[PDB]
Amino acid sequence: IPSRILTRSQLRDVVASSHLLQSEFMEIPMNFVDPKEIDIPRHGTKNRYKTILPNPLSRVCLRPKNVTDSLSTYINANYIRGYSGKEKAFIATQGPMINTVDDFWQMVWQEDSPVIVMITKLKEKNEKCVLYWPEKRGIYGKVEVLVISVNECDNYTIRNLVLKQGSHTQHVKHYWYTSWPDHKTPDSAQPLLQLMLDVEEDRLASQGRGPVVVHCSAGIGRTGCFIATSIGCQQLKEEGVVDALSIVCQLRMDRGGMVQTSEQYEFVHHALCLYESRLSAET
């Protein structure tokens, strides 16, 4: 409905057009939820930022057994639609807090997520996220996580996890991208593209499985960047064009505030541009 479809040429020009991207970004409403829309007493206790809340229509509802309260189903996390409106392509969530780590893993388990993408240091001046995974093994509520391997890459490290409950096992790839500046976007999109492409290969290898879980700290800025880029590169690949405006608007339909700043919005364009240079000539 808010639309601005860009051809590959158009996309390549708009990178050197920050002025226009700022006002284009500024024309997209944040879609932050009214606190009164959420009717879950004490949901605040499970939120890292008190005004960054999950839109209720798309919130990830934990499925614990033998509790009667709505708070027991609450996690600050939303399902995010993918390319073509693909339901549950992603979950955008906040950095787990000390009191929400078991909740987090309940979500990863119950949704059958194959990949976690973590785009935050634990501390960046402030505490941004808690250490929620073990060195070898840890038990998080009903979910046991085992570290099978660690893989070091240029721009991120991977833990290869399995989650276990009883007889059941689920593999989870956990990516940790730590080099994103406190308040600036990275100077190069290559590292984030590399991550996007590795994760894209994991999704193709994970047919029928659940959403890729993406988070940073509030789970909208960097997380929105990663997801907007993932989908927009997918539109670039399939259609030869990209509607980054539309993408960000739909993302905000899923979770208020996705792609938080205009600098992030521009950075998504840098990434989409970088992706485009690797595509086969247009036709």
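Numbering starts at 1 and follows the sequence shown.
Higher mean CA temperature factor, per the PDB entry, when comparing 32-40 with 252-260: 32-40. Across the two stretches, 180-188 and 84-92, the PDB entry reports the greater mean Cα temperature factor for 180-188. Remark: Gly141 belongs to the highest third of its chain, ranked by C-alpha B-factor as recorded. Ranked by C-alpha B-factor against the other modelled residues of its chain, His174 falls in the lowest third.
Ranked by C-alpha B-factor against the other modelled residues of its chain, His215 falls in the lowest third. Ranked by C-alpha B-factor against the other modelled residues of its chain, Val14 falls in the highest third.
In this PDB entry, the Cα temperature factor of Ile119 sits in the middle third of its chain's modelled residues.
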